[PDB]
There are 4 protein chains.
Amino acid sequence: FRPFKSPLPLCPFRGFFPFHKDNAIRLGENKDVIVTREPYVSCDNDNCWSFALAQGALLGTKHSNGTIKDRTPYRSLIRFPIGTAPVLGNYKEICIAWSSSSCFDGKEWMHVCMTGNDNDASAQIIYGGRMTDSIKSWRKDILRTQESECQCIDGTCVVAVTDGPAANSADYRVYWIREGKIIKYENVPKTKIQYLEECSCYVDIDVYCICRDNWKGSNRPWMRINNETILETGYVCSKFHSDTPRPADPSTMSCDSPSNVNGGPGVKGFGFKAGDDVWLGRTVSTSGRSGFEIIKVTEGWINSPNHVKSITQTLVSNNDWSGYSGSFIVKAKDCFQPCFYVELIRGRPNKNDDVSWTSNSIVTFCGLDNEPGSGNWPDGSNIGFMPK
Amino acid sequence: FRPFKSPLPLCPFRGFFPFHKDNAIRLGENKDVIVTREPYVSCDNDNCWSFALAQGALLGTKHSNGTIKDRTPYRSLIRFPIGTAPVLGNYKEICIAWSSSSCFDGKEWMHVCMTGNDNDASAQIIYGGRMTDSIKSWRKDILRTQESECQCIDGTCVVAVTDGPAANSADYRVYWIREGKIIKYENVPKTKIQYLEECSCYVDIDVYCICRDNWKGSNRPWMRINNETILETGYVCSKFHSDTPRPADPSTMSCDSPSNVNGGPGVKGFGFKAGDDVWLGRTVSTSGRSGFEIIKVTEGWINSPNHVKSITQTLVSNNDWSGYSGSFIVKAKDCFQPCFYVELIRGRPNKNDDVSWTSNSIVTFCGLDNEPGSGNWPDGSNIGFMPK
Amino acid sequence: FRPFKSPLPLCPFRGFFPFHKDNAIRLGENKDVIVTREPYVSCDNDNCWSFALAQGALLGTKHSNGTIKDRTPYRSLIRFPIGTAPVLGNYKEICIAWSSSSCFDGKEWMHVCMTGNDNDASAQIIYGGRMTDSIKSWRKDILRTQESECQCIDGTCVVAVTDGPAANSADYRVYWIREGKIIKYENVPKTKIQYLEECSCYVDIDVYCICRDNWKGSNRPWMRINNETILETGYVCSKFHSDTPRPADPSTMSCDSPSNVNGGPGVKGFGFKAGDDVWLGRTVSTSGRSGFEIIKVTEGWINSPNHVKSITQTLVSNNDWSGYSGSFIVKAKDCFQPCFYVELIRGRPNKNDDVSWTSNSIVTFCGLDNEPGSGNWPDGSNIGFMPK
Amino acid sequence: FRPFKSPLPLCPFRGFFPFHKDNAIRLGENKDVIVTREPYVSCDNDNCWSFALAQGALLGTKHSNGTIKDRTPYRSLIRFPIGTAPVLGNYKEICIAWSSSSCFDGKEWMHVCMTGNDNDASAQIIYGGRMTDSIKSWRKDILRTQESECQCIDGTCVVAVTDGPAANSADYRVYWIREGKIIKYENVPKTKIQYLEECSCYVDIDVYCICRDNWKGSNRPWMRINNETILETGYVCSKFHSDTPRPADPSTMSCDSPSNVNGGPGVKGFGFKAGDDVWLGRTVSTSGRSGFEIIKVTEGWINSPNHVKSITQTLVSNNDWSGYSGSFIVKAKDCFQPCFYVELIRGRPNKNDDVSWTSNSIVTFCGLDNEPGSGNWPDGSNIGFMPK
Ligand SMILES: *[C@@H]1O[C@H](CO[C@@H]2O[C@@H](C)[C@@H](O)[C@@H](O)[C@@H]2O)[C@@H](O[C@@H]2O[C@H](CO)[C@@H](O)[C@H](O)[C@H]2NC(C)=O)[C@H](O)[C@H]1NC(C)=O
Ligand SMILES: *[C@@H]1O[C@H](CO[C@@H]2O[C@@H](C)[C@@H](O)[C@@H](O)[C@@H]2O)[C@@H](O[C@@H]2O[C@H](CO)[C@@H](O)[C@H](O)[C@H]2NC(C)=O)[C@H](O)[C@H]1NC(C)=O
Ligand SMILES: *[C@@H]1O[C@H](CO[C@@H]2O[C@@H](C)[C@@H](O)[C@@H](O)[C@@H]2O)[C@@H](O[C@@H]2O[C@H](CO)[C@@H](O)[C@H](O)[C@H]2NC(C)=O)[C@H](O)[C@H]1NC(C)=O
Ligand SMILES: *[C@@H]1O[C@H](CO[C@@H]2O[C@@H](C)[C@@H](O)[C@@H](O)[C@@H]2O)[C@@H](O[C@@H]2O[C@H](CO)[C@@H](O)[C@H](O)[C@H]2NC(C)=O)[C@H](O)[C@H]1NC(C)=O
Ligand SMILES: *[C@@H]1O[C@H](CO[C@@H]2O[C@@H](C)[C@@H](O)[C@@H](O)[C@@H]2O)[C@@H](O[C@@H]2O[C@H](CO)[C@@H](O)[C@H](O)[C@H]2NC(C)=O)[C@H](O)[C@H]1NC(C)=O
Ligand SMILES: *[C@@H]1O[C@H](CO[C@@H]2O[C@@H](C)[C@@H](O)[C@@H](O)[C@@H]2O)[C@@H](O[C@@H]2O[C@H](CO)[C@@H](O)[C@H](O)[C@H]2NC(C)=O)[C@H](O)[C@H]1NC(C)=O
Ligand SMILES: *[C@@H]1O[C@H](CO[C@@H]2O[C@@H](C)[C@@H](O)[C@@H](O)[C@@H]2O)[C@@H](O[C@@H]2O[C@H](CO)[C@@H](O)[C@H](O)[C@H]2NC(C)=O)[C@H](O)[C@H]1NC(C)=O
Ligand SMILES: *[C@@H]1O[C@H](CO[C@@H]2O[C@@H](C)[C@@H](O)[C@@H](O)[C@@H]2O)[C@@H](O[C@@H]2O[C@H](CO)[C@@H](O)[C@H](O)[C@H]2NC(C)=O)[C@H](O)[C@H]1NC(C)=O
Ligand SMILES: CC(=O)N[C@H]1[C@H]([C@H](O)[C@H](O)CO)OC(C(=O)O)=C[C@@H]1NC(=N)N
Ligand SMILES: CC(=O)N[C@H]1[C@H]([C@H](O)[C@H](O)CO)OC(C(=O)O)=C[C@@H]1NC(=N)N
Ligand SMILES: CC(=O)N[C@H]1[C@H]([C@H](O)[C@H](O)CO)OC(C(=O)O)=C[C@@H]1NC(=N)N
Ligand SMILES: CC(=O)N[C@H]1[C@H]([C@H](O)[C@H](O)CO)OC(C(=O)O)=C[C@@H]1NC(=N)N
Ligand SMILES: [Ca+2]
Ligand SMILES: [Ca+2]
Ligand SMILES: [Ca+2]
Ligand SMILES: [Ca+2]
Ligand SMILES: [Ca+2]
């Protein structure tokens with residue numbers, strides 16, 4: 001017997017530390033590795049796992065040509081041991097998906113898997129390996145979800161879902177799902193948030209989600225959610241913005257609205273509220289998906305004149321390609337430890353990655369209440385060595 | 001301790017949804033994948049699994065040349081994680097077989113494995129990994145079985161077996177097997193059914209099997225069976241036929257006899273009785289093994305003037321190759337969920353598949369009481385990229 | 001908790017049936033498969049396993065050239081799922097060995113592993129993964145053992161071991177080992193047996209071993225052993241001999257001495273006593289390692305004028321290569337089922353196998369009290385397709 | 001429930017015996033095997049495991065070129081089944097590391113993983129898969145650790161760590177870690193030891209560590225440690241030295257100070273105290289990393305005029321390449337069995353290994369209270385067959 005996961009507080013932390021790294025592109029030089037993108041990490045009672053949307057092809061084969069394409073019937077959510085490259089001999093196929101979320105509720109895994117036509121997609125809910133429920137596209141425009149782990153509290157899992165156009169008004173919802181059965185949903189209030197997608201969520205008593213506004217906000221939209229309802233919404237107050245593209249530091253403090261500058265197209269990212277402060281992941285570049293750093297902004301969670309970047313950890317240099325990033329948690333004793341992954345995209349459309357495919361490797365970091373050192377942990381592939 | 005599976009009713013459902021897809025041919029471009037055909041799916045308490053008849057060769061190697069051939073000593077029933085491509089690093093070999101069935105009784109797996117000479121084949125019964133019993137060919141003409149999962153009720157498993165010619169009178173039996181020991185068999189009554197093979201079965205209180213008449217019936221033969229005996233037999237009443245080849249819709253309503261038109265050679269397929277209605281899988285083409293759709297026919301299970309196709313889901317376009325299809329079930333709480341797989345055959349003798357081998361990938365769908373979206377989930381291989 | 005295996009009788013049987021087949025050479029065409037020889041099978045509570053002496057090289061690579069060689073430091077006993085080809089992604093390395101035996105005592109696995117110099121080899125005893133004891137070569141001439149499964153009764157395992165020359169007088173012993181600790185050994189009486197090696201053993205209340213005389217006996221030497229001592233010895237009385245080479249049928253009935261004809265070099269083989277009768281495996285050829293058949297000889301276990309071959313099953317045609325064969329058992333309820341494997345050697349020095357390496361595949365059969373069909377289950381490799 | 005490992009005495013032993021060997025370089029000829037170095041072995045309740053620092057590349061691929069380099073962001077501690085070659089289909093990635101230690105406390109695994117910049121590295125402590133603590137470089141000069149298994153007593157694990165220059169005064173510490181949390185550390189006393197790194201440790205009631213002085217000592221520094229503190233320190237008294245390089249036998253008896261001759265650069269090695277005697281591993285060559293032998297020196301642990309090499313086992317000939325070696329233990333009933341591994345380095349900078357990469361295979365031996373035979377168990381690769 002295992003109990004459902006509880007509403008634990010986030011553990012104390014003062015810096016982030018290198019955890020697992022798969023080096024998947026380097027290891028894929030001889031065409032062993034499955035083409036992926038939109039990876040993430042999620043853990044059960046016994047293991048943390050890598051997840052990613054595979055492309056139904058091996059890296060460097062003819063079928064990998066053109067895998068920049070976002071949605072195909074040949075994409076599946078796959079799972080593989082954390083920090084290992086995904087290969088045919090180690091992967092598990094979770095469901096057919098070109099958008100996904102996964103989370104463990106203390107007893108079983110839940111997955112949310114979108115596939116099908118852009119104008120008529122459906123999300124399949126998997127629980128304990130069984131398809132238990134589904135969501136039918138209601139705006140008929142690329143029904144989609146987090147691309148990182150959802151969160152579960154006392155047996156009820158919470159997941160953010162979007163249907164509708166990019167860079168215009170769309171529908172944003174949270175779904176509450178228990179043992180694979182949809183209990184209810186809520187349309188996210190639009191009093192503050194104007195656009196939300198690709199939420200990166202964690203638990204600190206309640207579920208916090210920090211997401212991607214691909215329309216008018218260079219600042220990130222966020223929600224606080226419990227097992228019953230959405231409790232609060234906003235944009236991250238920090239005058240230092242964390243989407244990509246975005247304005248140079250310092251920019252506007254916008255707690256209640258999109259920054260109305262450099263709003264599109266954005267990238268999936270994450271942050272962690274800490275007291276009145278906030279930690280924010282972001283690309284080093286303000287324009288492109290290169291580099292990765294994480295900053296701590298004093299009073300960055302609140303309306304304040306005192307925002308300052310107290311800490312900056314540079315984890316992937318600006319000379320290296322990054323991509324999506326997302327939060328995951330690991331249960332410590334009586335608190336949840338904040339961790340995150342960074343997708344390191346290689347191939348199209350990256351400048352000078354002269355290959356026909358698009359894929360990624362993974363690197364991960366976890367938070368400790370200790371002072372970190374410094375380093376650089378990029379993809380590390382010599383793109384010239386690779387099968388094109 | 002685990003109890004034997006019970007005689008549960010089928011769960012309510014109103015459409016089918018994409019589950020797992022292996023993309024095995026695409027992933028086999030670099031010769032990692034085992035050549036297979038006649039795949040199916042079956043689940044135990046903890047996992048669903050892919051099964052298939054391997055050909056003792058890797059796809060695209062010289063030994064894969066000529067694998068259109070149905071029966072060789074080098075064919076084995078293999079098992080691999082559901083939705084994964086079968087590779088040497090992930091497969092398990094269950095038994096030597098060129099025809100098979102597998103099912104889990106709640107405690108252990110049973111398999112039925114035919115191999116040997118066409119005129120002197122034997123079926124090996126495996127239970128919990130041990131060879132426990134066997135069936136000796138009695139008509140001496142390709143003793144053979146379902147090529148999809150059998151069914152077990154309160155510890156007694158039921159499996160359909162045929163011995164004798166194709167497109168002429170043969171012998172059809174059901175065998176009852178408990179803990180791997182043959183309890184009894186029955187010759188299927190020929191009052192209605194004139195030919196039966198390759199049964200696709202599921203549980204809805206009793207076992208229902210919908211099978212393949214390769215002789216005079218474009219409609220599918222069926223049986224209702226319990227833990228002791230065959231209870232009913234017939235052909236599916238639906239005036240919309242579901243074998244391949246078959247007449248164009250609408251055709252004859254034949255509840256009690258073969259349609260006596262477009263009877264051969266047929267293809268393995270499946271259906272689900274639902275009240276007085278019936279769901280039927282079928283190729284899109286009325287002549288060839290291309291496309292896959294599933295229809296719901298109002299009152300299609302009974303003798304009625306009111307048959308109509310209330311629903312048609314097109315899951316694989318007619319421009320794509322299909323093949324065999326079969327039912328499997330997944331235990332929900334107090335009901336069994338209806339699912340099915342579709343074999344996507346590539347290679348010989350398919351027109352324009354210019355390779356020397358014959359193999360397949362898999363796609364699967366499960367039934368939910370929700371409205372589906374729409375999509376297309378074909379093999380997806382560019383046959384031109386493949387090692388011939 | 002699991003009890004130690006008990007002294008069960010052999011189950012009734014009247015023929016042998018195809019079980020698992022790995023097709024390892026066919027599947028090794030693309031250099032994925034580990035080079036092996038001297039395979040065997042042994043089972044624990046939950047699985048049967050393939051074992052073999054690997055050669056520390058992949059089939060078809062430059063390091064596989066010359067693997068006809070019997071003993072090197074690069075040979076390890078490896079284990080892989082039964083009926084699968086041994087590959088880097090599925091194998092386990094048990095110990096360094098160029099001669100081995102393995103058996104499961106009901107709780108844990110024991111292995112006996114010989115390696116080192118011909119004139120100073122030692123056998124390592126492994127129990128539950130730990131090296132627990134050892135045997136030092138005492139005749140200083142290729143200390144060696146069964147190359148098939150040993151047997152364990154009420155926690156005491158029995159294994160036959162030889163040290164000394166081939167085709168001359170050597171030392172033969174049985175060792176009793178409990179939880180990996182050597183309890184005692186006995187020098188095999190030489191009142192009847194003149195040479196013994198490579199014993200194939202099973203349990204029928206007591207342990208029976210049928211072995212290889214590589215000196216003067218075309219008939220096979222045998223022993224009956226319990227948890228304490230050797231109880232009986234002899235040669236198989238059957239006037240139909242079962243070593244290779246051997247005289248044509250019928251030959252001499254020699255219950256108490258080597259036949260004194262066609263004695264060398266012999267091949268590992270097996271048999272099963274059944275009442276006063278005996279089942280004997282043997283190559284089809286009387287001179288070479290080609291084909292495989294199993295015969296039942298009426299009264300073949302005893303001194304009698306009534307020996308006759310009541311049954312002959314031809315399992316591998318004489319046009320196909322065979323090799324070693326050995327017994328293993330599978331617990332049925334209150335009896336042990338007799339099974340056997342056949343090593344199918346390909347490569348050097350086989351005539352017309354034009355490659356530089358030597359390896360093998362595996363096929364297995366189990367006994368049932370049912371009438372068998374007929375078939376042929378050879379290696380199946382087109383040696384011309386293989387990397388040399 | 002499993003108890004924490006106890007302070008057991010070392011088991012009696014009088015020689016070492018071949019255990020597991022992976023033949024990883026031979027098996028890597030077709031580019032399947034992960035490039036590694038600094039391997040070791042450590043066991044839990046159910047299995048012994050191989051560990052090594054991978055290089056984020058497959059052997060023989062372009063990314064393997066230049067892997068002589070010691071520290072990169074693409075190095076991870078990986079785990080794979082003992083005696084198997086590390087491949088993508090069997091490995092687990094434990095953490096990002098270019099220096100590591102691992103040990104099992106009876107309940108869970110702990111790992112210590114150093115990565116990042118040379119002048120600002122940090123060690124991540126992993127316990128039960130979760131990052132639980134860390135050590136920040138304090139001398140800012142390649143914070144580093146054992147490269148073999150740590151040891152745990154009654155739930156408290158002990159690990160030796162160094163920060164500072166090579167061939168000059170550095171800082172050496174022991175850390176005590178419980179359930180992944182650092183309890184305390186101690187600076188190693190410098191009353192006797194002048195330099196310590198790469199400790200090879202085992203348990204004999206207390207923890208004994210025999211390490212590498214890379215400065216002034218051709219004799220090896222050692223410590224005796226319990227769950228609370230460092231109890232004793234010294235250099236191995238044996239007038240026969242065991243670092244590499246070192247003086248020819250016999251050299252100085254230096255129980256309390258470095259030999260002050262042939263002190264650098266040294267190699268990781270191990271030994272076992274036995275009564276007043278000591279067993280010492282060492283390369284056969286006194287100058288290079290070739291060959292491997294283990295000696296027993298009578299009274300070699302103490303100050304005595306009676307040191308003599310009572311036993312010499314030559315396990316890898318001087319014509320073969322060796323490398324690092326380290327101790328590990330296996331629980332026997334009420335004692336710990338002493339075992340060790342030897343890293344067999346191939347590639348740069350080894351003379352005549354004409355390839356661009358640097359990697360290794362593994363061989364292992366365990367101690368028994370029996371007389372051994374003799375043999376030779378080198379890497380066995382024909383470097384000429386390998387992809388460069
Ligand atoms: C949602 O969970 C609560 C229990 O969790 C607490 O309340 C949540 C709203 C949130 O604030 C958490 O952080 C809190 O820890 C459930 O409330 C329980 O309901 C049962 C049955 O009525 C009752 O016996 C308990 O006393 C309640 N527990 C508490 C602490 O109030 C609530 O039922 C959950 N809602 C759903 C829809 O599952
Ligand atoms: C990646 O693929 C492109 C496109 O390939 C073509 O279209 C595909 C859908 C498929 O049908 C292929 O068979 C086609 O070749 C390649 O670009 C083509 O290259 C060919 C051969 O040099 C050239 O004749 C065409 O004009 C190109 N077509 C286009 C639209 O650019 C490209 O070479 C592939 N990249 C790699 C690294 O192989
Ligand atoms: C077959 O199973 C029945 C129990 O299942 C019920 O009866 C079947 C025929 C079928 O209609 C199912 O859907 C039903 O749920 C067994 O009947 C039991 O037998 C035992 C022993 O005699 C008796 O104690 C119980 O009362 C019976 N149970 C019921 C509900 O009647 C029957 O034994 C099974 N037959 C075989 C050969 O195994
Ligand atoms: C697939 O195999 C066929 C047949 O191969 C021949 O017969 C086999 C049983 C085996 O013995 C092979 O060695 C033989 O080559 C191939 O067709 C043959 O191709 C060869 C060479 O071009 C030609 O000389 C023969 O006439 C052909 N034989 C026949 C009966 O057609 C075919 O090329 C193979 N396909 C692929 C993609 O390689
Ligand atoms: C060997 O096993 C016997 C028990 O097995 C029986 O005797 C064997 C010799 C063999 O004939 C088997 O087939 C039989 O089933 C052990 O005898 C037991 O010893 C214990 C302790 O003295 C005693 O309490 C039991 O009564 C004995 N059991 C019987 C049936 O006699 C014997 O100890 C074993 N010897 C060793 C060395 O382990
Ligand atoms: C299998 O190997 C033999 C022998 O290889 C030679 O000796 C080995 C130990 C090793 O040192 C190799 O590098 C040597 O090549 C091969 O036979 C040799 O082939 C070469 C090249 O054609 C020839 O010059 C030598 O005379 C041969 N030596 C002998 C003793 O025959 C043989 O070709 C290999 N087989 C295959 C299929 O590659
Ligand atoms: C360290 O372990 C001891 C128990 O182990 C013994 O003492 C060690 C110092 C070492 O000498 C071992 O080989 C010995 O076996 C712990 O001592 C126990 O402490 C508890 C709580 O105070 C007490 O109830 C027991 O009586 C003590 N046991 C003994 C045998 O003295 C000690 O607590 C451990 N220290 C730490 C920091 O964990
Ligand atoms: C191993 O690599 C070296 C170096 O490769 C060069 O530098 C690397 C960092 C990378 O940028 C590569 O693309 C470069 O080629 C190889 O040595 C080079 O070989 C090339 C081609 O022959 C030659 O023109 C350069 O002068 C060489 N550079 C140096 C510094 O020596 C070497 O060939 C590789 N080894 C193998 C076995 O391939
Ligand atoms: C469902 C879907 O296709 N989501 C997209 C996504 C999307 O286009 C934008 O967020 C706008 O809505 O962006 C990104 C892109 O890297 O920005 C990759 C995704 N790829 C996949 N999830 N497959
Ligand atoms: C035992 C056997 O060989 N069964 C056949 C089968 C058969 O020929 C017909 O159903 C007529 O009886 O049809 C099909 C074919 O795709 O229609 C493939 C099978 N291949 C295998 N099961 N191996
Ligand atoms: C230890 C050893 O090398 N045993 C031999 C063996 C042996 O030479 C004879 O039985 C004579 O004693 O025969 C055979 C051979 O196939 O006949 C293969 C073996 N190969 C291995 N077991 N590695
Ligand atoms: C952390 C680190 O880089 N340690 C080194 C090491 C080191 O340079 C010396 O011991 C001197 O301090 O020596 C050796 C070398 O083989 O002697 C390999 C190591 N490689 C790795 N552990 N990655
Ligand atoms: Ca934005
Ligand atoms: Ca038909
Ligand atoms: Ca003989
Ligand atoms: Ca491969
Ligand atoms: Ca030194």
Side-chain angles (χ1 to χ4, degrees), chain A residues 15-33 43 45-48 50 80-91 315-316 320 330-333 337 339 361 363-382 384-386, chain D residues 30-32 34-35 54-65 71-79 87-98 113-137 140 143 179-182 387:
Chain A
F16 288 84
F17 294 75
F19 194 23
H20 290 271
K21 185 183 194 299
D22 63 20
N23 298 114
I25 307 298
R26 291 168 54 95
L27 293 162
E29 193 196 318
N30 205 221
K31 297 172 188 186
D32 294 295
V33 177
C43 313
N45 292 142
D46 293 338
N47 294 286
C48 286
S50 293
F80 42 108
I82 186 157
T84 69
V87 302
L88 298 172
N90 74 358
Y91 82 128
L315 306 175
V316 173
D320 295 291
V330 183
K331 188 179 180 236
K333 309 269 227 187
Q337 172 185 35
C339 302
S361 60
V363 65
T364 58
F365 301 84
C366 288
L368 297 171
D369 201 19
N370 300 331
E371 247 72 279
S374 62
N376 182 44
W377 297 271
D379 171 76
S381 295
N382 183 326
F385 290 163
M386 304 296 298
Chain D
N30 205 221
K31 297 172 188 186
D32 294 295
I34 299 167
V35 174
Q55 291 267 26
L58 293 181
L59 189 293
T61 61
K62 296 176 175 65
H63 283 96
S64 69
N65 188 327
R71 306 173 298 282
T72 81
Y74 320 117
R75 300 202 77 175
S76 289
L77 172 61
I78 67 167
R79 190 190 76 185
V87 302
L88 298 172
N90 74 358
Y91 82 128
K92 292 302 173 53
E93 194 252 6
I94 305 297
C95 56
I96 304 164
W98 44 244
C113 309
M114 281 73 163
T115 185
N117 295 152
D118 285 3
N119 66 180
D120 209 3
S122 60
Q124 284 54 253
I125 312 293
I126 317 303
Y127 185 80
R130 188 177 103 255
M131 187 184 301
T132 49
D133 216 336
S134 64
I135 301 167
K136 181 178 173 80
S137 177
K140 296 184 185 300
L143 171 70
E179 297 174 30
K181 298 307 183 89
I182 294 162

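We name chains A, B, ... by the order of the sequence lines, and we start the count at 1 in each one. These numbers come from the heavy atoms of this one structure, side chains and all, not from hydrogens, waters or symmetry mates.
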Does any backbone or side-chain atom of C366(A) lie under 4.5 Å from a heavy atom of chain D? Answer side chain, backbone, both or neither.
both
Under 4.5 Å between any side-chain heavy atoms of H63(D) and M386(A), yes or no?
yes
Minimum heavy-atom separation for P18(A) to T115(D), with atom names?
CG-CG2, 3.4 Å
Main-chain N/O of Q55(D) paired with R26(A) side-chain donor or acceptor, under 3.5 Å
yes
Engaged part of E371(A) at the chain D interface, taking heavy atoms whose separation is under 4.5 Å:
both
Rounding to 0.5 Å, atoms OG1 (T84(A)) and CD1 (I78(D)) come to a distance of 11.0 Å
Any side-chain donor near an acceptor of the partner, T61(D) and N30(A), under 3.5 Å
no
Using non-hydrogen atoms and a 4.5 Å limit, figure out which bit of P81(A) sits close to chain D: side chain, backbone, both or neither.
side chain
Check whether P378(A) gets within reach of chain D through its side chain, its backbone, both or neither, counting any heavy atom under 4.5 Å.
both
Can you tell which part of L27(A) gets under 4.5 Å to a heavy atom of chain D, answering side chain, backbone, both or neither?
both
Any idea which of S374(A), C339(A), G83(A) has the most non-hydrogen atom pairs under 4.5 angstrom with chain D?
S374(A)
Drop me the distance from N382(A)'s CG to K62(D)'s NZ, to the nearest 0.5 angstrom.
10.0 Å
Do you know the tightest heavy-atom contact between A332(A) and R130(D)?
CB-NE, 3.4 Å
Taking every non-hydrogen atom, the tightest pair across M131(D) and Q337(A):
O-NE2, 2.9 Å
Partner of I96(D) by side chain to side chain contact (heavy atoms under 4.5 Å, CB included), out of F19(A), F17(A), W377(A)
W377(A)
Please determine, among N23(A), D379(A), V87(A), the option with the most heavy-atom pairs under 4.5 Å with chain D.
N23(A)
Counting only heavy atoms not in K136(D) (residues, nucleotides, ligands), do more than 12 fall under 6.0 Å from its NZ?
yes
Looking at chain D, which one of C43(A), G89(A), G380(A) has the largest number of heavy-atom pairs inside 4.5 Å, strictly under?
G380(A)
Part of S381(A) lying under 4.5 Å from any heavy atom of chain D
both
Donor-acceptor pair, distance only, cut-off 3.5 Å: does the side chain of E93(D) make one with the backbone of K21(A)?
yes
NZ/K92(D) to CD1/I82(A) distance, rounded to the nearest 0.5 angstrom?
12.0 Å
For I126(D), is it the side chain, the backbone, both or neither that has a heavy atom under 4.5 Å from a heavy atom of chain A?
side chain
Any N370(A) side-chain heavy atom under 4.5 Å of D133(D) side chain:
yes
First locate atom OG of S64(D), then atom CD of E29(A), and finally report the distance between them rounded to the nearest 0.5 Å.
7.5 Å
Which atoms of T132(D) come close to chain A, meaning under 4.5 Å heavy atom to heavy atom: side chain ones, backbone ones, both, or neither?
backbone
Contact class of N47(A) relative to chain D, heavy atoms under 4.5 angstrom
neither
